[PDB]
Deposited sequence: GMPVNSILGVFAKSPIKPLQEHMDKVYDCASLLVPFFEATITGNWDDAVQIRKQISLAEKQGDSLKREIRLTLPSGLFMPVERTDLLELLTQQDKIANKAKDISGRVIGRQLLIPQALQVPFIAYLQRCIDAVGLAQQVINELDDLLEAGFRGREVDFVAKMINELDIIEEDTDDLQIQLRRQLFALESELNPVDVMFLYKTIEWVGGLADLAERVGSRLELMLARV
């Protein structure tokens, strides 16, 4: 028996774990880049642990989600589903990299890390908006919802512009290097870039679900 909590709290705790999980991809890739595969394997164990922890929070929620409630149970589940995908993506990406001992070519290392970080920043915005949501639930009234969405869109546009530029730069550099590499490796590098971008796509879906919830009120 604790004090009253938002119906959104368990979702926020899940998002926080997910973000921690995705965040670990930076040091994971940084390890792969210095050639320390033993450390990369240990960081992947941290990713796997965070994903397992998220999965437990997710199970808890699915078997618990309720009487009088200010949001739809189904919207919370749909939100949980998208958040969960982010942690699985991070686990999957890191697994494929360990699996192929995939080395990001020297010339692409700096921009790749910048791109990866900006994609993780998108997850960060998703975390931010899910936390900022208590403010609307605790207070809120016809209108404050519109400002919230407008802000969310402004912040996502900024992140998308940067991630789009970095993704182009990265693909342009890879394209210049193709002739120096094995074609299967080349394809897996493009796939890695795409998978990383998927972290940001998934984060956008989180925000879309929030937006749909706000549009039912």
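Participant: Where does the model have holes with respect to the deposited sequence?
Facilitator: Gaps vs deposited seq, in order: 1 to 8, 74 to 75.
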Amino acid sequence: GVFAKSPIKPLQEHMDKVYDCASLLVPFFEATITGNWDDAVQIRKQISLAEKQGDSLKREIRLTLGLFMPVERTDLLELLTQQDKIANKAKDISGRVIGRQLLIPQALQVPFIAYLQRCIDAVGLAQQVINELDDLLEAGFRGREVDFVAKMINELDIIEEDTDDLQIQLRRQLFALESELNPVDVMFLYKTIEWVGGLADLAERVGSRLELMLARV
From here on, numbers count along this sequence of modelled residues.
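Participant: Please work out which of 39 to 47 and 183 to 191 has the higher mean CA B-factor as recorded in the PDB entry.
Facilitator: Per the PDB entry, the higher value belongs to 39 to 47.
Participant: With respect to the recorded C-alpha B factors, which stretch has the higher mean value, 108 to 116 or 134 to 142?
Facilitator: Per the PDB entry, the higher value belongs to 134 to 142.
Participant: Using the B-factors in the PDB entry, rank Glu60's C-alpha atom against the chain and give the third, lowest, middle or highest.
Facilitator: Within its chain, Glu60 is a lowest-third residue by C-alpha B-factor, going by the deposited values.
Participant: Lowest, middle or highest third: where is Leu202 by Cα B-factor in its chain?
Facilitator: As the PDB entry reports it, the C-alpha B-factor of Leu202 lands in the lowest third of its chain.
Participant: When the modelled residues of the chain are sorted by Cα temperature factor, does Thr34 land in the lowest, middle or highest third?
Facilitator: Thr34: CA B-factor falls in the highest third of its chain.
Participant: Taking the entry's C-alpha B-factors for this chain, is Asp75 in the lowest, middle or highest third?
Facilitator: It belongs to the lowest third of the chain when residues are ordered by C-alpha B-factor.
Participant: Lowest, middle or highest third: where is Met69 by Cα B-factor in its chain?
Facilitator: Its C-alpha B-factor belongs to the highest third of this chain's values.
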